[PDB]
């Protein structure tokens, strides 16, 4: 029933095995009790949820010298990230990128013939299921042994009041509560949505007991929809995306968005805009057999036995909002001020629970800032001007303004991009670097080597936006964004030391134009 793990010190691999056993427990498994029974201090904060926001907030609070407690219904820390969100998404995207390369060079060099080859979606999901306890293990281990945190896992938390939480049969008090229970997968209110064969990111890694047929229907047009859709397409299946409005509106630069969309279509993906599913058809056995949708051109029917819903995420605020009387936003997000404080005294909310942006940097930092405030360090947090990214069969990175956006916003600008604007268009051997060299050199594949661009204010000479499609630039955007927030100019970018051949050619391309007082686009 209840396991006092406090004085047990499992290694990373032992935790992995223990977590698996607890997950495959018919009765649900024993509660993991990791509380220090010597500490006389009252918890400065109890975190409802031990995902990215809860675990990081706890790590920072503890590091500051305060006391904290995490209560999570899962037998592992880390939350959705390692179980059904970021981690599997990246494994699937890695597969999508490698498969695109394999299909492109099928039967050439060492690449086998991919012609009639269909990779199994379940096959790959099963790979993730078989190894996700690795990350689970690291989380419990690092949190307990390295970050000195206290926690109770595999036990839903019962919030009594703004200072009281019930867990593992016990009752705990705390000066503050930090709500970090995240969000749940959006869905549709159409007939058949509950049919077997309908999945979302969460159920996909829990209930896929068959290998999908040749046609897959994805509903949605943003990150999740595109990331998973490209993976499904990559396995060799006809992938049809049903987008309510238009896809990838997140990509503000028009040329960048068009490149990403064109490359998706070139891989065989079908994207139908202005479409709404009206019915998911069931066969005699209650399994999906087709999807019916209304489009600008009328109703359409797509035969499929596998539907993936990539809609938004809805903050799990209902219960907590009822018990505490928290003020909520129009999408159900818990409202909070710049210090992450809710409408209820001593109650904070962080991560996905407070709405967009739903990213790991937001979850972790909000968690930490809430902790710092709980510890007396009054610090505000209002996420703005952050870099962003998503996967198709490529890595797509972006920060700041798109080109048209900047011109419309009154900025006189010049752009520096690759490939250049010429009659040969994308059919040239640049941009190019790690993981795009085969495309750059292959027969008829040069247009696949990538696309990138920086938008610059002609007068201040400052970089207003950066955009990249290819591989190996995502990490750089984290640091480039800080430099840009500090006031980076084309001259300063040009005076840096590049590491050729570089995923982003921004440094040397800037240098080619920085010598003039009057900037010219490249």
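Numbering follows the first chain given and starts at 1. Rigid core: the largest C-alpha set superposing within 1.5 Å between the two forms.
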Quick one: with the core lined up, is it 284-292 or 142-150 that wanders further in 4 other deposited structures of this protein, going by C-alpha RMS? 142-150
Taking the root mean square of C-alpha distances over all structures and residues in 4 other deposited structures of this protein, with a rigid core superposition, name the larger of 133-141 and 430-438. 133-141
Of 503-511 and 9-17, the stretch with the higher mean C-alpha B-factor in the deposited entry is 9-17
Should the higher mean CA B-factor in the entry be assigned to 200-208 or to 318-326? 318-326
Selection from 98, 359, 395, 113 [criterion: highest C-alpha temperature factor in the record]: 113
Note to self: of 106, 289, 343, 366, the C-alpha temperature factor tops out at 343
Divide the modelled residues of the chain into thirds by Cα B-factor and specify which third, lowest, middle or highest, holds residue 481. lowest
Within this chain's modelled residues, let me know which third the CA B factor of residue 128 belongs to: lowest, middle or highest. middle
Tertile call for residue 475 (CA temperature factor, within chain, third-based) is the lowest
Based on the deposited C-alpha B factors for this chain, I'd like to know if residue 440 is in the lowest, middle or highest third. lowest
Going by what the PDB entry lists, where does residue 495 fall on CA B-factor within its chain: lowest, middle or highest third? middle
